[PDB]
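Here you get one chain, nothing else, as C-alpha cells; it is the form deposited in one PDB entry.
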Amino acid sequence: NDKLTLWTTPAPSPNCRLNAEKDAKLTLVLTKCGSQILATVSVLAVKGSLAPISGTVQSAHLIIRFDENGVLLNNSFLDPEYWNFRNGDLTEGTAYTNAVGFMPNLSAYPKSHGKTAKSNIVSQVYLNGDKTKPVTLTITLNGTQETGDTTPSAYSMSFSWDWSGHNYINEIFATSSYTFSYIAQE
C-alpha cells in the first residue's frame, strides 16, 4: 500500500554499502499486515570485491539502524534517498518522520539480544537463483551491538550472507528473493 508499505522502491539504483559506498542494490519491501511485517529481500553487488566475488571475502553484511521514530540514522549503510513509503513504483516526495509500526518489536526482540535464538531468522538463499549455489542468510532483529564509541540505535535489522566453504570466486554476488515476517513494535 502507500502508508502500509515502506520500501527501497521495486527496482532501486545502487543504494547500500556492503564494502564500499553504493556498491550494491538492496531491494527490501516491508508491508504492514497489522501485528506482523511481511518482507521480501534481495541483494545484488554492482562493484568491488563482490562483483565479481574475489578470494578475500566469504560473507557480506548490512546493518540498518533506526532511531526511536523508525527513521534511518545519519551514518546509514542504506541510502535514505529512496527509502520511504510507497507511491506507485516510487516513493513519497517527502521524507517520513515516523515508521514505528514497521520496527521490530522490542519485547519480542529486545535490544542487544541478537544472540537470542528468537531474534534470528536463518535460511538459505541461492546465488543467481541457482539451486546448486546456496548462501546462508541470517537476519538479526534489534541485535545492533553498537560499534564502540558511536551513535546508538533504537532499532536495527541486520542481514548477514555467508558462503563459507564454497568457491564462488568470479561469480557476481546476487541472491534469489526471500520472504520473512517479524512482530511489529506497534
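Residues that one form lacks are left out of the comparison. Throughout, rigid core stands for the largest set of C-alpha atoms superposing within 1.5 Å between the two forms. We number the residues from 1 along the sequence you see.
The form deposited in another entry exists for this protein as well; it is not shown, and the discussion that follows is about that form.
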message: With the two forms fitted on the rigid core, I'd like to know which residue in 151, 69, 36, 54 is displaced by 2 angstroms or more at its CA between this form and the one not shown.
response: 151
query: Versus the form shown, are the CA atoms of residue 70 and residue 147 closer or farther apart in the other entry, given a shift of 3 angstroms or more?
result: farther
- request: Since the Cα separation of residue 145 and residue 97 moves by 3 Å or more in the other entry, tell me which way: closer or farther than here.
  value: farther
field: Sequence-ordered runs, three or more residues, C-alpha shift 2 Å or more between this form and the one not shown, rigid core
entry: 144-151
